[PDB]
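Counting starts at 1 for both ligands and their atoms, following the listed order. Nothing fancy with the numbering, it's 1 onward along the sequence. Values below: all heavy atoms of this structure, side chains included; hydrogens, waters and symmetry mates excluded.
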Amino acid sequence: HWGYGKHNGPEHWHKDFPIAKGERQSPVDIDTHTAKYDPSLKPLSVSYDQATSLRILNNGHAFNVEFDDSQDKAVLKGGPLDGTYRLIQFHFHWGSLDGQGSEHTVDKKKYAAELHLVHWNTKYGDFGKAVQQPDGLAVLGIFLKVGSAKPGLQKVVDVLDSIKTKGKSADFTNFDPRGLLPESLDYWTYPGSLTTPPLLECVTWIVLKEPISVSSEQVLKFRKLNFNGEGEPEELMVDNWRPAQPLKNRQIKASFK
Ligand SMILES: NS(=O)(=O)c1cc(C(=O)O)c(NCc2ccco2)cc1Cl
Ligand SMILES: [Hg+2]
Ligand code: NA
Ligand SMILES: [Zn+2]
């Protein structure tokens with residue numbers, strides 16, 4: 001099965017998922033001097049007041065915090081997007097040490113981690129239909145650097161003990177994802193893909209310029225999770241990031257001057 005190790009990591013994924021070598025793969029390096037300001041881009045509208053989180057799951061590659069997406073509650077609109085995109089889950093990618101872990105890079109800089117808030121385009125009715133469309137998904141990406149603690153992350157950190165191994169889940173209601181956002185909503189945007197198999201080319205990426213700070217203790221707890229299931233040899237869940245992929249014939253646009 002695919003993973004992040006020597007024998008099943010990103011360099012192998014193309015064998016089962018040939019789109020890994022496709023024309024709009026993610027992540028990418030954001031070259032800040034080539035990304036052009038686009039005055040036609042709109043402010044991002046993040047409407048999370050009515051979010052209903054349900055559960056947190058260790059899926060064997062990361063952990064997902066899942067939301068009720070059965071009705072318009074937490075939605076992303078504006079920015080580069082046409083229409084309304086509903087929040088379905090968020091997860092992170094992170095490193096074994098603070099100097100790596102992000103998927104996107106900024107002028108080749110790797111952050112300690114990267115948060116992905118995954119949303120699907122409601123014009124397609126359900127997530128499964130949305131991932132058959134080139135504008136089916138919008139992912140809001142937020143970099144994490146190590147410094148001061150992020151208070152809004154601590155509830156996540158504190159439940160991880162209970163989902164140590166693949167396939168474990170726990171109730172995770174009443175979590176407010178607004179507490180994971182930075183001050184500024186300035187962003188870069190480009191067309192891309194899932195960064196995990198099946199690597200589907202459905203995503204409008206919206207990557208915030210401003211990182212959030214989290215404490216060393218917070219990210220250290222991420223690194224105590226396990227890729228393996230209960231009763232199997234312990235493989236720490238670290239370095240669950242895909243490296244930057246070729247930009248090809250794409251443009252990265254900046255929302256800010
Ligand atoms: N890392 S990511 O944000 O590109 C991402 C990552 C994952 C993930 O499973 O880690 C994911 N799972 C849902 C799924 C299944 C088929 C299409 O989307 C979706 C996305 Cl967009
Ligand atoms: Hg997995
Ligand atoms: Na450009
Ligand atoms: Zn992701």
message: Tell me whether the rings of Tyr111 and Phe143 are parallel (<30°), tilted (30 to 60°) or perpendicular (>60°).
response: parallel
What are the atoms of ligand 1, with element, lying closer than 4.0 Å to any heavy atom of [X]?
X: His116; result: 1 (N), 2 (S), 3 (O)
X: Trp205; result: 3 (O), 4 (O)
X: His91; result: 1 (N), 2 (S), 3 (O), 5 (C), 6 (C)
X: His61; result: 8 (C), 9 (O), 10 (O)
X: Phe127; result: 13 (C), 14 (C), 17 (C), 18 (O)
X: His93; result: 1 (N)

By side chain to side chain contact (heavy atoms under 4.5 Å, CB included), which residues pair with [X], not counting sequence neighbours?
X: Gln100; value: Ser96, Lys110, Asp239, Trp241
X: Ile88; value: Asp69, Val118, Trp120, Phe127
X: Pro134; value: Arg24

When rounded to the nearest 0.5 Å, the distance separating CZ of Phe175 from CG of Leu180 is 4.0 Å
Distance col, row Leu76:CG vs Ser45:OG, nearest 0.5 angstrom, shows 7.5 Å
- [ ] Answer yes or no: is there a side-chain heavy-atom contact under 4.5 Å between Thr105 and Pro27?
- [x]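 Side chain of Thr105 against side chain of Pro27, heavy atoms only: no contact under 4.5 Å found.
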Atom name of the N, O or S atom of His61 nearest to the Hg ion (ligand 2) is ND1
* N/O of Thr195 under 3.5 Å from N/O of ligand 1, yes or no? -> yes
Protein-derived N, O or S atoms lying less than 2.8 Å from the Zn ion (ligand 4), waters not counted, sum to 3
Taking [atom] as the reference point, the nearest protein heavy atom with its distance:
atom: atom 7 (C) of ligand 1; answer: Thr196 OG1, 3.3 Å
atom: atom 20 (C) of ligand 1; answer: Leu194 CG, 3.6 Å
atom: atom 12 (N) of ligand 1; answer: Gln89 NE2, 4.1 Å

Residue pair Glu23, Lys248: steps toward the salt bridge (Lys or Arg N to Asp or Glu O under 4.0 Å) verdict
CA-CA 6 Å; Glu23 300 301 306; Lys248 298 197 164 177; 3.1 Å; yes
Run the salt-bridge test on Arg55 and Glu66 with the 4.0 Å N-O cut-off and return the result as yes or no.
->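 Answer for the salt bridge query: yes.
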Item checked: Charged N-O contact under 4.0 Å between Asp107 and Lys109 -> no
| query | Are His12 and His7 close enough that a side-chain donor and a side-chain acceptor fall under 3.5 Å? | reply | no
